[PDB]
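Visitor: Test case, fold it:
(chains A, B, C, D, E, F, G, H and I, ligands or ions: 1)
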Amino acid sequence: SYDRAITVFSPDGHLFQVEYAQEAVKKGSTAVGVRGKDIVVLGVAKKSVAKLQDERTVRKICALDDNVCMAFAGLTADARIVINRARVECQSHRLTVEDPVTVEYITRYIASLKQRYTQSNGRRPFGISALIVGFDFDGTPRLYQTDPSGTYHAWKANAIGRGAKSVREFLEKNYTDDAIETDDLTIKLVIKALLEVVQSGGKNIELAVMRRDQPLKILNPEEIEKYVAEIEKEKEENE
Amino acid sequence: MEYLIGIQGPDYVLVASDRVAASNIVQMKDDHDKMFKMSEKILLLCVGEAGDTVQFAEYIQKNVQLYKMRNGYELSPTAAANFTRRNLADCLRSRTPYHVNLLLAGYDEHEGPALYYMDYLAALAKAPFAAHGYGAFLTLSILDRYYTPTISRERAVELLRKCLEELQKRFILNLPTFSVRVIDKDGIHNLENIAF
Amino acid sequence: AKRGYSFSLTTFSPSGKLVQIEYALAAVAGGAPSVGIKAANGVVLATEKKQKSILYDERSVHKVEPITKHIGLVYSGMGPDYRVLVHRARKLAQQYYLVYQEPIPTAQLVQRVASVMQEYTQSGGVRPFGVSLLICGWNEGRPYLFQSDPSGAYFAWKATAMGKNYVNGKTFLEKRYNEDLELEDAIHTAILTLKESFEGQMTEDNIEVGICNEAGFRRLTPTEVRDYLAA
Amino acid sequence: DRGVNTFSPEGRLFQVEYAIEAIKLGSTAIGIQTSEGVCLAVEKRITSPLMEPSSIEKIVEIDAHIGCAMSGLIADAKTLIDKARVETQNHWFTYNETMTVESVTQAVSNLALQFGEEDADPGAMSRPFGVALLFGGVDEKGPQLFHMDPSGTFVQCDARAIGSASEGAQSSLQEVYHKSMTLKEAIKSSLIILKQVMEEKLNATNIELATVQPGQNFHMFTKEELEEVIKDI
Amino acid sequence: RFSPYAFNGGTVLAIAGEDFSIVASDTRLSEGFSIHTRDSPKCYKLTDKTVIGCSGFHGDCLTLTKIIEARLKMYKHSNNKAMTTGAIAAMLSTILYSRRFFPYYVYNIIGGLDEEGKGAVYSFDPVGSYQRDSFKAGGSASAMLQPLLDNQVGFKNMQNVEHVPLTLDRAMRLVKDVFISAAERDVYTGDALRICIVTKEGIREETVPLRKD
Amino acid sequence: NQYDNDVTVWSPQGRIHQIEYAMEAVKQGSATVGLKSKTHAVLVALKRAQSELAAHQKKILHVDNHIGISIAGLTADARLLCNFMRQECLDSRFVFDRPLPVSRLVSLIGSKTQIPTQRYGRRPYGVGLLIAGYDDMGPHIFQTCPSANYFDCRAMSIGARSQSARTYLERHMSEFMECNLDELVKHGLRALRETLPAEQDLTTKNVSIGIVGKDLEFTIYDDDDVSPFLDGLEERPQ
Amino acid sequence: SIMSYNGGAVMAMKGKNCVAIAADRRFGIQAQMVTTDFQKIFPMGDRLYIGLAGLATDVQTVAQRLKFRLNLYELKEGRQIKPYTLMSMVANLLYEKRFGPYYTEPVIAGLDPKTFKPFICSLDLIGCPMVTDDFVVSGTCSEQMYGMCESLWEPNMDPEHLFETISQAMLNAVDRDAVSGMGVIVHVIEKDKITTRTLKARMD
Amino acid sequence: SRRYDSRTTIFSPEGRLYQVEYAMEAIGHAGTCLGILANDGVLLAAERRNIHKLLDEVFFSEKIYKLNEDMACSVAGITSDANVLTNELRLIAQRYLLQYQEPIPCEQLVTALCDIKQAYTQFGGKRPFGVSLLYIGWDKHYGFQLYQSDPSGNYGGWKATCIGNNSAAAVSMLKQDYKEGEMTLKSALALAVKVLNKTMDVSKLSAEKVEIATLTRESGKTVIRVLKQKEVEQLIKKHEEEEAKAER
Amino acid sequence: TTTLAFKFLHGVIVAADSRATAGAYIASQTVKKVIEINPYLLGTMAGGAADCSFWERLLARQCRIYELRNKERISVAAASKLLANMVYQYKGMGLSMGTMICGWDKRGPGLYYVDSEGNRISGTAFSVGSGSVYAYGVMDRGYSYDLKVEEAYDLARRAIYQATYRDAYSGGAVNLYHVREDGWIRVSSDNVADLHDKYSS
Ligand SMILES: *[C@@](C)(CO)[C@](*)(O)[C@H](Cc1ccccc1)NC(=O)[C@H](Cc1ccc(OC)cc1)NC(=O)[C@H](C)NC(=O)CN1CCOCC1
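Guide: Numbering: from 1, shown residues only, chains lettered A, B, ... in the order given. Please see the structure below:
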């Protein structure tokens, strides 16, 4: 019943409501994910959790299906809607096609949903970017991202959120076959990228790994602190 | 015509179903599975109408899986059976009523083993043992005869075997093989298929 | 050819205020004074009915209206707005009775009415009601007095006054009202609270008053109001 | 502030004219109609070496005989491309024949001015599509190139360029193109013009090339056969 | 109870040659034991290349031909082309199926020329099932016309016959002969036979008298 | 300035700016000439090239066997109105088995085009049409506007620099009704010719002709079909 | 008969300052017994119970939809529900499905809050209230139950005497019905306590 | 028509929702409302704003609402908007019980209402609900829980939190005294009186100015209990002896 | 009708007849009862002639859209599920179609049976139609997974022939398809009359 055009074209050909939604993801927590050759790992920084807060309820990494998971940046309330819509779609693909959802398909759904909210009456765009991660029933690992506009691309490694520019350029330098050799080293690349923005993590780092064999494994502040020390004797190995 | 059976012990639930999919006078399939995995510890055994069986059981299956993804944990056997019953009860007076006689088996973290019987009218009931199909008429009395709550799983299979052998002797329909599964604290276990 | 606006007309100001509700509160504050007093024996509702021209027929329109056999109403603010809420309250009271076969408790009715008042501060293309309500009732062998204002919030009172000189009304009340005054004495002090803010000399056709006890809610007859005016 | 269906004093629609300006921001795309077939070229404009270049698809197939190249706001075209794909299959289902290149262009063009505020459906568009399209395929009339823009206007072109550096590319096409040129000349000509206007150096993974011809169906060029003509500078 | 259908008779026949397509029908419209009219040819022309024949419930036959006419103009405007014999046949299939749960009581036979210029015949059931064939009969007397066509055009059951290609003269002779024979036995068939011939030059109409009893 | 946003806003002068602006879109597109005789109605339309490496815009469209249109303005609005006109003609032939009288079709266009000019958030159709049709009352030429006003005219031209054609059509007006088909089209082209700068005139690329009459159904001539009409040309005497 | 499909019997009886409510425990489909321990009497508010007899689905669907409404009521109101109020709520619920009802005839037994007054009633499948001072019955053995109650029931019965009457009335009625039995559960509701007992009954 | 639309569900040039942030300012004017998670239970403590001599006191509470058999909530902001949400919360809780036949888990109830509050911020053109809620409860999955809700539709689980007037000053006061895994109901109650004493601008703090409710697990069932005046006065006098303990 | 399909070592064989009946009257003996969905996907049809032709054509439309949208071919399981869902909406309406959907997947050789009643089952061998009870007879007696390519052809070809000999509603010609790893191929289209003479040796 409320049919008011929210997102419109500007004199110079811009969509301000979309760009403003892209400013909202800029203010959000830093989210980074890298694609290895056996495991895909994503992690979120810029936490600043009040300690007095239950850290289990504020997780920014969410599982969508048995094989697909995602992280986000921006308006946390907006993401919860998108995640729920994405989860429903994962089961709806199984009721119609029987075959489980592919990583590209679920990304295409999220992107089309966000796009529909930039070209509809009475609706406002989603203020989130999502990093979609999973494995095809093929063997090949996948990493995708979306943004408020509804454009999606595949990435070898990508970062969105607060200081995405800084981590993006750290990854461009540090992303080589040597950095993604084994499981441990691909995880190290994520954390080393997070230490570029976060004020010494371990407590301020949430990260999860996914293999083609098992489901999602969220690492606890005990297993994360192990990598803090393993890279520290790499950093302090100059002498 | 299809067959379901469930036997509950102190810490397990034993379920079995025939592997026959028939059309009028012919057996079209020899290895048909009438069991639907809902959770790691819940099975839904669905029997009845040609179209309704797959459509209904699968709809509940993906909803429980959606719940798993939504909240991080799984539904209890009690909550699952009530969810299935609600969806069946609501459709009963609607334009598309599902004619399915089903049997839900599960193991709970705190409550333990659970077996539920359900009418096509959507009447839910908890039983130590239950059976569906024409074969139920021949077997239920054998269950009443040789059942104690303290039955071990290996003697529950013997009890199940007594029931399936009766279906070879008296039941006029050809039912050679049966799918056998057990649910306990470790999850769902595949057993040796009983053949004749 | 018509449809309707779907956007709210009541919004949050930068200071964090719902400006339209506070302006609707200005409307009730400028309305004619009305008072309510719980007697712990009955409930009294009294309002100023200044007629201004003598040509006006007093008995034609009433300010003190009954919702049902045991619940009564008054207002301060806009007459037309009050009348809409009256019809809505009566209809809500009947909804309850049809389901439970039991007279609706005052508290339940007030909650239901306040919900309607809440809607008009958020629904599309409407302004809030410029009315505060005084709802009285007897149920469960207990008297009740409630207030419902433009925002959609309700309050349970022992005694209160609204409209013009509501400040002077309340300060007079807490100074004179005690939680023990019988219904007869409650009517007196209800009229006296209006007398504090009247300016014009009272007659039985100049004020409207309704009482509510175990016998039910009714409007006091002009003759009864005249006899009570012998203060 | 105004509504979406407001005319300017000149006579054109504000939102529609602003949508044309959104194409000026998008990457440049070239198409050439030839006796031997139709070629479609586009620059990807990859912003990061970490981004997988193959996931940026700016040339897609609609049917075996029809391809399409877009420019501007890629996300907007996705619904337009799907509506095109549905229409060709609906035409096949009803008429047992392939749809003509012009008909598919016309079908999409009908959706162009389907936006508005009041008197609109529960699922209606609020703004024009910020995308230009180049439809290229082969039917009864032979190889054909069609251009579309947000205004809904669709026209057949011998060669067309749309995007950021579309002004310089079109004049380059007017200098090179003539009626008798081959498809091999057409691909060669389109890539040269593409490398001139691109900020980044033209590379095998940097661009996309597709051809539709009377000989065989829609074919997108792989890394190897792209390199086959990249080595001709 | 009210019945929305009526059997109105009529038999339609089509034979495809190499350069021609013949579509023929009787002209009798009937109801019960009475005749509505003696002049009601069932064969109707759609394009220069295509002719359709409708039989069964006349009410549905009239509506459907009007629907095709409309849909044919719709295609012309949308595609700048005349709709081909195969495309009409594919369309008619969808139109008949759209009324699946309330069928058109109708037997359609489409006869015309294809893209190569060769003769084409398309047979239809009431609900849309269709195929291309060399010869087909549909209608009340379809079970009478068919067996003779199977024997003479298809050479079926015959031992040593050459398999000479269909000439216009023999096919025209064959249409007239089967209809005269059907008018002897089927009470719904008679009055007059109208034949429509589809060639490169266009559509011709020929009429020959039948029994009127 | 503040009264030019919506069709529902009346100007203090008693005008609606939004309707007047939509009418400007007609003057933006290239000129088209409509004229009739006693038996034939002809539409001669000039086509625009966005860049002469591209084809010249389609300006003449079919409606029915006896009715055709030439558009001036927004193409998408033109095709929308065209589909409406087609539908009404199709309904007429479906119901009554006879062609829809031209005047009655135009009256239906007047109805459909009036609606948005009175509703809030809606806009007028940004296209003017010249309609050529033949019925029981002979050949017809009708003019439509973004405002639902229509005209039954002897001859008409609308579009860019269509002012020059209007002058020509008015002077050779008395010759039209008694004129034959061959010269009736010539008069059309010689009108469309005036709407051009003195450098170059009518060619096979930019001229489209739509003819309907007692003889023939509505037929569009474009390229090779338009070249017999151009032959027998008389150079510009400016 | 749709009511005879699952069988069952629910009975309520009025005492001194107490009420008793009893039901059979069989859950069966036509001739076949399925479960020997089926729940038909449901608690609605400590000192107030409802017993539902009829089609096993509708017994369960009504019980759950009534609790849905009752919980919302007891939260909206600051009080627990009254026996007459529940009766009108049930009648309301059943009449909503007037032209396609739940095949269940409920029986309500409980004590009035504050006033501790006994209350019993039975209803239609479309929700017609019928309050009595003696007994209300519902089920397949309606006639059998009536014959027992009329001849056994006495004016003022203490909890123990009331229990003996409802128990004997249920047992002997059920024993002449084929689709009822397999155990009888009885709830005796007093102001200070609730006594719940399963009786020794025939299992044929 | 579009001239009168204030565009409630629109992004700002800086990428934030004005109507949500402006609504958050309304919460800061409302009464102080805090919650503390303990080992043996969970409680809410709220500032009473209806503090007039002539008020009747009919309901069990002013700010605390019982939602479920195992759950309760408190409110800060526009009180009428809260009545809409608290009523909806009770419905959601009942919908879940009707379907699954067990109590709704705490987080599931919070998210369900937040989905609604989020909706009013993205579409519809209506104003957001000017309410922040604090939820207390127990379920079979995580035990005792404490949740906070925004007008934006944003939610979070907390061990200790506060919303309303002097929210910032109260949360830093909780950040000092709270011990993770060591707080008992007695120690959490003592903390609640302390925090409210400082944030209350009238620092005398009578029992009629505050409102405390406790949620305890008692012999298999959940017990929600609102402390009455004599219980609250006794808690304040305990705190008042600590002010007299500084004289050492 | 009679239609049958079975999978062996070298692929999947698909056989059908060509008779179409209108009551006791034979309408046609040249109908193509195997539908070519993809260069690798096939669909048999038995029952209502219009119902079968329409929905399988609707499926062929559906699968092409899937191919365009996902850049991958649809799986046999997926294709079969789509048809099963579409037809289930119309259960009780009176549609009549028994079909087999078969092709080559990432999972390998797939074969599914789909009903208008709402059945969907994967199997290694099926027979659908009025003469299915006759085709099953010889197909089972002469079946082995180790059958040669030409031996598998003979089994299927004879199985339809035997069905035409007993069933009144089966006849015409026996059409054969072989689904292999690369795709399917048209094997043979022999008349029942011609086969009758060859099987008498
Ligand atoms: C064998 C030959 C006979 O059972 C097959 O099932 C065959 C399959 C087939 C598939 C495509 C093309 C031709 C043949 N089926 C038929 O030939 C079929 C028999 C049948 C009739 C009616 C049914 O109920 C709906 C089911 C099966 N014949 C037809 O469909 C004929 C051509 N059409 C009609 O009978 C006409 N309409 C009248 C309205 O209702 C639907 C059928």
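
Visitor: and chain C, which residues reach chain A?
Guide: C:4, C:6, C:7, C:124 (Cβ under 8 Å from any Cβ of the partner chain). All C-beta atoms are positioned from the backbone trio N, CA, C, and that covers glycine.

Visitor: Which residue does chain D have closest to the ligand?
Guide: In chain D, the residue that lies nearest the ligand is residue D:96 (15.9 Å; Cβ to the nearest ligand atom).

Visitor: who's in contact with that residue?
Guide: Shown in contact with residue D:96 (Cβ atoms under 8 Å, 6 or more residues apart in numbering or on different chains): E:86, E:87, E:89, E:90.

Visitor: closest to residue I:3 among the residues of chain C next to chain A?
Guide: residue C:6 (57.2 Å; Cβ to Cβ).

Visitor: these two touch, right, the closest one and residue H:125?
Guide: Yes: counting by Cβ atoms under 8 Å, residue C:6 touches residue H:125, with 5.3 Å between them.

Visitor: what residues are shared contacts of the two?
Guide: Counting by Cβ under 8 Å, 6+ apart, the residues touching both residue C:6 and residue H:125 are A:2, A:4, A:122, C:124.

Visitor: which residues in chain I form helices?
Guide: Per DSSP state H, chain I carries helices over the ranges I:49-70, I:76-88, I:132-141, I:149-166, I:192-198.

Visitor: What is the shortest one packed up against?
Guide: The reference is to helix I:192-198. helix I:149-166, strand I:173-179 (3 or more Cβ pairs under 8 Å, 6 or more residues apart in numbering or on different chains; DSSP states H and E).

Visitor: Over to the second one?
Guide: Using 3+ Cβ pairs under 8 Å, 6+ apart as the contact criterion, the secondary-structure elements in contact with helix I:76-88 are helix A:76-96, helix I:49-70, strand I:98-104, strand I:109-115, strand I:120-122.

Visitor: Helices of the chain, residue ranges please.
Guide: Since no chain was named, I'll use chain A. A:16-26, A:76-96, A:103-116, A:164-174, A:183-194, A:221-235.

Visitor: could you do chain H instead?
Guide: Under DSSP H, chain H gives helices at H:18-27, H:79-100, H:106-122, H:167-177, H:185-199, H:229-243.

Visitor: wait, which of those is closest to chain A?
Guide: Closest to chain A of those, according to Cβ to the nearest Cβ: helix H:106-122, at 4.6 Å.

Visitor: So residue G:163 sits against residue G:195, correct?
Guide: Yes: counting by Cβ under 8 Å, residue G:195 is a contact partner of residue G:163 at 7.2 Å.

Visitor: any residues in contact with both of the two?
Guide: By Cβ under 8 Å, 6+ apart, the residues touching both residue G:163 and residue G:195 are residue G:188.

Visitor: With neighbour numbers in mind, choose between the two.
Guide: residue G:163 (22 against 14; other Cβ atoms under 10 Å in any protein chain shown).

Visitor: How much space separates the more buried one from residue G:157?
Guide: 9 Å (Cβ to Cβ, to the nearest Å).

Visitor: Angles on the backbone of residue E:123, please.
Guide: The phi/psi pair for residue E:123 (degrees, to the nearest 10) reads phi -100, psi 140.

Visitor: Pull up the gap between it and chain I, please.
Guide: 8 Å (Cβ to the nearest Cβ, to the nearest Å).

Visitor: ok, what's across the strand from that residue?
Guide: Beta-bridge partners for residue E:123, by DSSP bridges, are residue E:109, residue E:131.

Visitor: Name the residue closest to the centre of chain I, please.
Guide: Taking Cα atoms, centre = their mean, the centroid of chain I lies closest to residue I:44, which sits 3.2 Å from it.

Visitor: residues contacting that residue?
Guide: I:3, I:5, I:14, I:16, I:33, I:34, I:35, I:99, I:100, I:102, I:128.

Visitor: In a helix, residue E:147, correct?
Guide: Yes: counting by DSSP: H, G, I helix; E, B strand; the rest coil, residue E:147 is part of a helix.

Visitor: Around it, count how many other residues there are.
Guide: 13.

Visitor: Equivalent analysis for the one 4 residues further on, please.
Guide: In terms of burial, residue E:151 registers 12 neighbours under the definition other Cβ under 10 Å.

Visitor: sorry, back to before: reformat the helices of chain I as a markdown table; add mean neighbour count.
Guide: Output for the helices of chain I, formatted as a markdown table (neighbours: other Cβ atoms under 10 Å in any protein chain shown):
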| stretch | mean neighbour count |
| --- | --- |
| helix I:49-70 | 20 |
| helix I:76-88 | 22 |
| helix I:132-141 | 19 |
| helix I:149-166 | 20 |
| helix I:192-198 | 13 |
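
Visitor: Of the ones you listed, which is nearest residue C:50?
Guide: Here helix I:76-88 is closest among these (Cβ to Cβ), at 73.3 Å.

Visitor: mind listing what the residue in chain H positioned nearest to chain E touches?
Guide: With Cβ to the nearest Cβ, the shortest gap between chain H and chain E falls at residue H:99, namely 35.6 Å. Contacts for residue H:99 were tallied using Cβ under 8 Å, 6+ apart; they are B:82, B:83, B:86.

Visitor: Residue A:109 and residue H:172: what is the separation?
Guide: 43 Å.

Visitor: more crowded one of these two?
Guide: When residue A:109 and residue H:172 are compared for neighbours, residue A:109 comes out ahead with 21 against 11, by other Cβ under 10 Å.

Visitor: what ranges do the strands span in chain G?
Guide: Applying DSSP state E to chain G gives strands spanning G:9-14, G:19-24, G:27-29, G:32-35, G:41-43, G:48-54, G:104-111, G:118-122, G:130-131, G:135-139, G:184-189, G:194-198.

Visitor: looking at these, which is closest to chain B?
Guide: The nearest among those, by Cβ to the nearest Cβ, is strand G:32-35 at 4.5 Å.
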